[PDB]
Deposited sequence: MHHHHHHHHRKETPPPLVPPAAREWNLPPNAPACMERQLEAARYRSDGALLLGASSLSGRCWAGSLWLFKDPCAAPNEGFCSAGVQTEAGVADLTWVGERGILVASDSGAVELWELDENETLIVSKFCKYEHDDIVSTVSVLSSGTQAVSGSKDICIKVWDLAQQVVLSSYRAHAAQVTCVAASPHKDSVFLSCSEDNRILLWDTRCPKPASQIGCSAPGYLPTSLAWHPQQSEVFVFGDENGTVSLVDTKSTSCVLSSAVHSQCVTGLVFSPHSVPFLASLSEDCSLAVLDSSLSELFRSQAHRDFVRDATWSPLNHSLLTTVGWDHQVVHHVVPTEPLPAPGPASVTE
């Protein structure tokens, strides 16, 4: 029970991300009931989650948490329902989670957010159809792009190219971005895309899932029917030859290999599976959270 931490955590868990030393970041929001807000949590003990009494820190937010991501080792970047993108930073003692800035720049729900290679800029997508490039140091919007014609479902920064990132939208467009070009967007040639994931070890390679349950492997084509519902997220494992964790609204998790073949399958969740994160310490342990308030620790056979 750390100070300035809510005694009750919201039911719907939306995101879970490991950092370098192994602490688990939890993002949750209440999507039903009287109050519709969200919270942020830090668990230096991953197995103690999601119990609120045995966490390292916590804080309540004004609105829900649609997406989040780490910023370095003490920074948390949040995509809020309120149309704002927030940045929170741990103290030197890592016992409090303090708001660094809160800028209301999007006109609708900020659905996705991603930190670029330099660690000083980030790209955000919202249901207002806009995509914004942020200056995390000056707390200002560098550029504002309206390339899509529908909700921006997912944006993913390039792992090593600081100016490149991917975005998909319900307009059935997958856009490759490069802010060095005069026209920075470029369309990559079905069913609506819903999740993007760069390949960690190959520059021009990424994978995307559609709302029909198909994961595809695309170069700058191989695809398999992995789920029976919308593919919510795609995460690669940190191995030299990485695996592919795919979570969906069918309440199941799948682990794929180089050729999108199924090696593992978990149905431990009873509601939607919202995120997956690979442990940096144990490369075979995989942590998944969902709207059933479950934090499952999978042992993926390798």
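>> I have the full deposited sequence and the modelled structure. Can you tell me which residue ranges, counted from 1, have no C-alpha coordinates?
In response: According to the deposited record, C-alpha coordinates are absent for 1-26, 216-219, 251-255, 338-350, which together make up the missing parts.
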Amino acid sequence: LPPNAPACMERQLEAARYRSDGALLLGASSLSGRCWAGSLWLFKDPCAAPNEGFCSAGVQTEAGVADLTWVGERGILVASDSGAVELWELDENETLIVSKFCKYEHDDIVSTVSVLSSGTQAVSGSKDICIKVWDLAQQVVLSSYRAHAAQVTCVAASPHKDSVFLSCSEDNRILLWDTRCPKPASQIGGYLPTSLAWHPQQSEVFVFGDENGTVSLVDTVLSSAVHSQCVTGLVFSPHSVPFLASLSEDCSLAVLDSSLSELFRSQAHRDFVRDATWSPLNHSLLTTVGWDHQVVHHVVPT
From here on, numbers count along this sequence of modelled residues.
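> Higher mean Cα B-factor in the deposited model: 53-61 or 29-37?
Replying inline: That would be 53-61.
> Taking the recorded C-alpha temperature factors, which stretch has the higher mean, 93-101 or 225-233?
Replying inline: So the stretch with the higher mean C-alpha B-factor is 93-101.
>> By the recorded C-alpha temperature factor, relative to the other modelled residues in its chain, which third is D107 in?
In response: Ranked within chain, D107 CA B lands in the lowest tercile.
> What third of the chain, by the recorded C-alpha B-factor, contains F43?
Replying inline: As the PDB entry reports it, the C-alpha B-factor of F43 lands in the highest third of its chain.
> Among the modelled residues of its chain, does the C-alpha B-factor of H239 lie in the lowest, middle or highest third?
Replying inline: Highest third, going by the recorded CA B-factors of the chain.
> Among the chain's modelled residues, which third holds the C-alpha B-factor of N172?
Replying inline: As the PDB entry reports it, the C-alpha B-factor of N172 lands in the lowest third of its chain.
> According to the PDB entry, is the CA B factor of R146 in the bottom, middle or top third of its chain, that is, lowest, middle or highest?
Replying inline: It falls in the bottom third of the chain.
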